[PDB]
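These numbers come from the heavy atoms of this one structure, side chains and all, not from hydrogens, waters or symmetry mates. Lettering follows sequence order; numbering is per chain, from 1.
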There are 6 protein chains.
Amino acid sequence: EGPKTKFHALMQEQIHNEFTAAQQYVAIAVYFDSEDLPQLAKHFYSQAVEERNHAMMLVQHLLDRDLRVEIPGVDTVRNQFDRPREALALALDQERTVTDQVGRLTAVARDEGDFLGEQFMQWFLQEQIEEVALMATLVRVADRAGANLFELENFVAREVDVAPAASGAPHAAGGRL
Amino acid sequence: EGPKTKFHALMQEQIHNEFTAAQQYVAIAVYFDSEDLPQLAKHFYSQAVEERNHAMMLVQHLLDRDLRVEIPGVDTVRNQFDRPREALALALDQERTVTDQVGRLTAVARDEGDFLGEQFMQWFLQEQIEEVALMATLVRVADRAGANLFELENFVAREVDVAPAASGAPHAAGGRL
Amino acid sequence: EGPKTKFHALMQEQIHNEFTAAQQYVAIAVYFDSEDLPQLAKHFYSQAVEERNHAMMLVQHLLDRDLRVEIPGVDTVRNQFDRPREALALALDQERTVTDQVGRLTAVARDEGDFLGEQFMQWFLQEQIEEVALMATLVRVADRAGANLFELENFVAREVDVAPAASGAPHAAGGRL
Amino acid sequence: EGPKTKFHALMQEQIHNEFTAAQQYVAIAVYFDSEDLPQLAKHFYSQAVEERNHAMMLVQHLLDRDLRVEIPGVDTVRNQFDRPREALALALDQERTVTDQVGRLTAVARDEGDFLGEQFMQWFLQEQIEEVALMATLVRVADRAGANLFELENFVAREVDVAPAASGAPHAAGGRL
Amino acid sequence: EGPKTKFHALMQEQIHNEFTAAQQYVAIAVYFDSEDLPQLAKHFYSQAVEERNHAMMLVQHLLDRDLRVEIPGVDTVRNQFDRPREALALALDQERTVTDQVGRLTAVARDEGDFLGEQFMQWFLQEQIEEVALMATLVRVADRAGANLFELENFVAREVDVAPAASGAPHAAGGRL
Amino acid sequence: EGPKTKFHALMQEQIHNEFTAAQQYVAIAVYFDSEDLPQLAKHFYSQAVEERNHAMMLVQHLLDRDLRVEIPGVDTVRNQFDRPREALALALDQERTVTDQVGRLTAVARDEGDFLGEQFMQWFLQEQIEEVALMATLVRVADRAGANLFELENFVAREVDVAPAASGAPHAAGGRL
């Protein structure tokens with residue numbers, strides 16, 4: 001209790017960050033749900049679930065290496081939004097922050113010579129590319145729609161496709177939801 | 001912002017309590033997972049998911065009545081346990097506390113004359129009976145097994161059965177996981 | 001317009017290189033086609049298509065990161081060959097050059113601290129191993145066949161197998177052909 | 001090397017033109033892709049592929065007549081557009097230019113008394129009618145939609161139908177993609 | 001014969017190490033077989049086969065890069081064990097040593113600027129995480145079982161699951177067994 | 001430890017010999033693989049696997065009689081060959097040597113009055129007939145082909161048939177691969 005490597009410490013923080021991110025995505029979906037944007041709400045419920053899966057993957061990685069892992073609390077998240085665009089903006093900012101965090105985790109792994117950690121990080125880097133692309137798309141399409149939220153909903157219904165999970169995902173503690 | 005009924009306030013607290021309970025169940029499952037009790041860990045991963053569903057149901061109820069609902073933070077939960085029995089004890093104590101909370105919610109609904117709330121509460125009362133029974137079973141079987149954790153795992157594998165959800169559950173925001 | 005990172009610049013050059021490589025593969029296939037080596041021609045038509053897919057993947061990567069991407073021209077390629085071996089040699093030299101280019105792209109990604117780029121590059125490294133192996137095989141088998149082109153064609157028909165794409169390929173702009 | 005008929009020369013130029021046209025269609029699709037007009041982008045990715053097929057057909061025709069054929073470079077194409085309409089306009093202008101080119105090829109065939117060439121040209125004339133009609137439709141529908149790009153996308157999704165290739169197409173070198 | 005890179009040399013040593021590891025796993029399985037622990041013996045026969053596959057993958061990698069590869073001898077392995085736990089301990093120590101070896105191979109690849117080698121190593125890093133986790137589980141469960149070997153066998157039968165190979169494995173010389 | 005019968009001792013040596021033979025077959029297959037003789041390489045990968053099975057059968061026989069059995073090391077094998085014929089010659093010489101070894105094992109069994117051993121040996125005698133016949137065929141066909149290795153490969157592809165294992169094989173420790 002005390003000889004924790006930087007990578008171990010950073011991974012525990014990332015588990016906190018991921019659970020917090022999942023909760024923020026839930027808050028955003030509920031906000032959309034209560035503005036009668038079901039398509040957006042459905043998409044973000046899915047996102048909350050997948051963020052939860054990511055946290056479980058970090059947990060599972062710590063279990064597999066027999067490193068001490070704790071399930072954290074969750075910070076309060078944001079529920080007030082003036083307009084749907086502001087919540088899509090928050091989600092884009094969150095995805096970009098997650099990209100930075102995973103990059104920092106990779107860098108710390110490489111610095112400590114923790115090869116296992118570095119390899120494990122690679123899949124998250126890959127997921128981040130696609131996630132950020134989709135959130136940026138949603139933000140741009142929201143700007144184009146402006147006041148007309150129905151067009152935004154129609155774009156989401158036609159163009160935003162739930163993909164069944166590719167293989168290659170790391171195993172999540174408790175199985176991937 | 002301010003004319004919130006007691007039932008509305010209490011339901012928002014219950015949403016906080018349920019999310020916290022789900023997180024505590026996750027912590028317990030991870031603890032079991034890292035003690036190599038896969039059967040117990042699998043059961044409690046399921047329990048965490050179902051507690052999450054319950055919180056979503058409370059959320060959905062507030063959405064359906066157009067009452068203000070906020071997704072809360074989550075308190076830190078307990079991760080240290082000296083022995084598996086102590087974690088099964090924590091889970092039993094939590095289920096009993098939840099029974100009290102749902103009973104208090106029912107009582108507050110009845111007091112305010114909120115019939116909709118009272119009816120909605122009924123399903124949770126029903127779920128509590130079965131949940132508490134199962135946790136109490138697990139605690140008694142852990143005592144009987146004592147030091148021999150393999151028997152506990154074998155009991156769980158043979159006797160503890162995931163049931164597909166009966167009908168009659170209230171709808172959960174974002175669909176039941 | 002001007003703050004382009006080295007990785008962005010290098011990726012745009014690689015898009016030019018890949019389209020050029022696809023066109024050179026087409027030229028080689030047409031050359032084989034007109035020497036009545038259908039098996040070789042069929043193989044290299046496939047190769048041209050797969051190089052095109054690779055270019056589309058680089059394009060898609062730039063789209064996903066919202067980086068400016070331009071579809072380039074294509075340099076003139078080589079059409080004259082004295083003998084089929086000389087064209088298989090050109091193809092081997094091209095595959096090796098591509099290996100260098102992808103390695104340089106990886107190195108530039110690592111240097112700029114562009115983790116997303118580095119991860120994305122990994123799949124191309126992997127494809128290069130197999131591609132170079134197969135081209136080197138074709139060159140050695142051409143030497144062994146010498147003047148007797150029928151044996152070369154028979155080797156290709158029996159031993160060179162189109163594999164359906166494994167999973168794990170990055171997504172190509174416009175879908176993988 | 002030097003006794004090339006006008007039809008042979010013109011066909012080699014047309015192969016250059018077709019490859020250039022395919023690349024321009026790719027540039028247009030990528031432009032649409034990066035403006036979040038997936039339906040338009042999908043349509044033009046298809047168009048790029050079909051232009052490539054056309055070039056391959058011209059190649060195959062030269063192979064079948066044992067006429068010298070070279071795979072050319074590709075001119076740089078246009079990537080900047082101020083607004084989607086301007087790119088649909090470019091595509092319409094390109095289809096009309098292609099109609100002129102194929103007509104000139106037919107006329108040159110008839111002039112040299114190259115019956116084989118003339119017959120072969122007929123299928124391209126036929127394809128041009130339909131292609132120009134569709135591009136002109138897209139331009140008119142873009143004008144009607146004006147600023148509202150969502151309507152344009154909806155028109156494309158409902159009304160623009162990929163048809164499986166009719167029979168009667170000439171064979172393409174390397175098989176029709 | 002003499003300009004061998006460090007990565008080439010280290011890979012040849014790793015091929016020796018992997019074949020030796022496979023043979024040691026066979027010795028362990030035979031030891032379990034002759035102590036009437038069929039479930040453990042079955043698991044370790046599988047492990048021996050999969051270690052053999054790993055060696056074949058390293059071989060295939062050297063074949064694909066046209067690097068000189070030799071099939072080595074195999075060192076004598078350990079057959080005497082005082083108690084099954086001591087053999088599970090040997091297997092855990094071996095898996096950890098393999099993790100170090102693959103990490104050293106990765107580091108040497110990165111040092112020489114051998115990108116192909118580094119990418120190829122990644123899959124082995126990933127396999128090591130899971131393998132070490134499972135061996136550590138077996139050791140802990142053996143300690144918990146103590147003198148009672150039947151519980152150990154029962155844990156293995158219920159909880160240790162042969163997974164069909166995921167995709168993404170590198171190709172093994174002679175096909176994966 | 002010391003009252004080992006001649007048959008027991010000889011069987012342990014044979015286990016060493018068989019593992020060595022399997023490794024030599026692997027070396028030969030890899031040699032063929034790296035000369036681009038896939039059909040020969042495939043055949044000898046199969047042979048290596050079947051030699052491994054034979055060693056496992058000898059192991060299993062010692063397990064069934066509760067005789068002490070040790071998994072041995074493996075001698076270094078030959079990897080250099082000047083020409084494919086020289087490796088087919090090595091394989092023929094090895095199969096003939098194995099025939100002698102199994103005959104000596106039978107003779108020693110008969111001498112010690114070990115009926116169980118003698119009966120068990122019979123299946124190996126039978127396998128040797130067919131194996132030697134096939135290797136001798138390959139050598140003669142290689143001589144007939146001479147410099148023209150393609151004919152050798154074609155003979156192997158058409159005439160050398162993997163047969164599913166007949167019944168009557170003795171059981172192999174860890175199941176027959």
Side-chain angles (χ1 to χ4, degrees), chain A residues 14 17-33 35 37-55 57 77-104 123-146 149 151-163 165-166 169, chain B residues 71 174, chain C residues 60-69 114-117 119-120 170-171 173, chain D residues 32-38 41 149-150 153:
Chain A
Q14 198 49 32
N17 286 336
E18 284 300 297
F19 279 124
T20 293
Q23 202 75 346
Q24 180 64 79
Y25 273 153
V26 168
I28 281 171
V30 170
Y31 166 72
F32 282 145
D33 215 294
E35 298 295 337
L37 309 159
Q39 304 297 317
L40 284 176
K42 170 148 80 69
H43 180 254
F44 275 92
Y45 286 125
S46 297
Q47 292 289 340
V49 168
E50 182 58 31
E51 268 329 271
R52 184 193 199 261
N53 295 328
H54 290 158
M57 293 164 179
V77 294
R78 174 149 178 234
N79 290 278
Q80 297 306 70
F81 300 96
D82 297 324
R83 54 190 197 99
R85 201 253 189 226
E86 162 137 41
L88 303 167
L90 178 82
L92 173 61
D93 174 82
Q94 160 159 303
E95 282 309 340
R96 294 196 164 127
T97 290
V98 162
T99 304
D100 291 327
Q101 280 156 359
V102 171
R104 184 191 171 190
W123 187 86
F124 294 89
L125 290 169
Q126 167 201 262
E127 296 309 283
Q128 265 328 95
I129 287 141
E130 212 92 332
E131 272 301 296
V132 175
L134 171 57
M135 278 314 316
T137 294
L138 295 173
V139 176
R140 286 191 306 272
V141 173
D143 289 332
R144 172 159 95 226
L149 298 170
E151 299 315 331
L152 167 48
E153 282 271 288
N154 290 339
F155 185 92
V156 172
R158 185 168 61 229
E159 312 302 339
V160 172
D161 202 19
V162 175
Chain B
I71 301 304
Chain C
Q60 177 67 53
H61 183 79
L62 291 183
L63 291 164
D64 294 328
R65 299 186 56 192
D66 280 44
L67 294 182
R68 166 49 68 64
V69 49
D114 185 349
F115 289 103
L116 294 184
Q119 188 276 329
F120 170 74
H171 177 72
Chain D
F32 282 145
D33 215 294
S34 74
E35 298 295 337
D36 309 289
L37 309 159
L149 298 170
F150 299 102
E153 282 271 288

Requested in this report: Nearest 0.5 Å please: distance from the OG1 atom of A:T99 over to the CD atom of A:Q94.
Outcome: 10.5 Å

Report summary line: Of all heavy-atom pairs linking C:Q60 and C:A173, the shortest is OE1-CA, 3.3 Å

Query raised in the report: Can you tell me how far the CD atom of A:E86 sits from the CD atom of A:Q80, to the nearest 0.5 Å?
Result: 10.0 Å

Query raised in the report: Closest heavy-atom contact between A:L152 and A:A142?
Result: CD2-CB, 4.0 Å

Requested in this report: State, with a plain yes or no, whether a side-chain heavy atom of A:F32 is found less than 4.5 Å away from one of A:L88.
Outcome: yes

Report task. Could you give me the CA-CA distance, side-chain angles and deciding distance for A:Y31 and A:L40, then say whether side chain to side chain contact (heavy atoms under 4.5 Å, CB included) is met? Result -> CA-CA 10 Å; A:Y31 166 72; A:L40 284 176; over 6 Å; no

Query raised in the report: Do any N or O atoms from the side chain of A:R144 and from the backbone of D:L149 form a donor-acceptor pair under 3.5 angstrom?
Result: no

Report task. Establish, from distance only, whether the side-chain atoms of A:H43 and A:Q47 form a donor-acceptor pair under 3.5 Å. Result -> yes

Query raised in the report: What are the two closest heavy atoms between C:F115 and A:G103, and how far apart are they?
Result: CE1-O, 3.4 Å

**Report entry** Side chain to side chain, A:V49 and A:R52, heavy atoms closer than 4.5 Å
**Finding:** no

Query raised in the report: From C:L116 CG over to C:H61 NE2, what is the distance, rounded to the nearest 0.5 angstrom?
Result: 6.5 Å

**Report entry** Check: A:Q23 main-chain N/O paired with A:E51 side-chain donor or acceptor under 3.5 Å
**Finding:** no

Query raised in the report: Taking it one step at a time, do A:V98 and A:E18 satisfy side chain to side chain contact (heavy atoms under 4.5 Å, CB included)?
Result: CA-CA 8 Å; A:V98 162; A:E18 284 300 297; 4.1 Å; yes

Requested in this report: Classify the ring geometry between A:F124 and A:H54 as parallel (under 30°), tilted (30 to 60°) or perpendicular (over 60°).
Outcome: perpendicular

Requested in this report: Under the side chain to side chain contact (heavy atoms under 4.5 Å, CB included) rule, what do A:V30 and A:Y45 come out as? Steps first, then yes or no, please.
Outcome: CA-CA 8 Å; A:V30 170; A:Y45 286 125; 3.7 Å; yes

**Report entry** Note, A:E153 side chain near A:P38 side chain (heavy atom, < 4.5 Å)
**Finding:** yes

Query raised in the report: Could you give the distance from CG (A:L90) to OG1 (A:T97), rounded to the nearest 0.5 Å?
Result: 9.0 Å

**Report entry** From A:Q128 atom CD to A:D100 atom CG, the distance as rounded to the nearest 0.5 Å
**Finding:** 9.5 Å

Query - Between CD1 on residue A:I28 and CG on residue A:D33, distance to nearest 0.5 Å - result: 13.0 Å

Report task. Report yes if some heavy atom in the side chain of A:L125 is under 4.5 Å from a heavy atom in the side chain of A:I129; otherwise report no. Result -> no

Query raised in the report: Can you find a pair of side-chain heavy atoms, one from C:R65 and one from C:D114, that are under 4.5 Å apart?
Result: yes

Query - Criterion side chain to side chain contact (heavy atoms under 4.5 Å, CB included) on C:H171 and C:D64, from CA distance to verdict - result: CA-CA 10 Å; C:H171 177 72; C:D64 294 328; 5.9 Å; no

Requested in this report: Measure the shortest side-chain to side-chain distance between B:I71 and A:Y25 over non-hydrogen atoms and say whether it is less than 4.5 angstrom.
Outcome: no

Query - Heavy-atom side-chain contact between A:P84 and A:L37 under 4.5 Å - result: yes

Query raised in the report: How about A:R96: does its CZ atom have over 12 heavy atoms from other parts shown lying under 6.0 Å from it?
Result: no

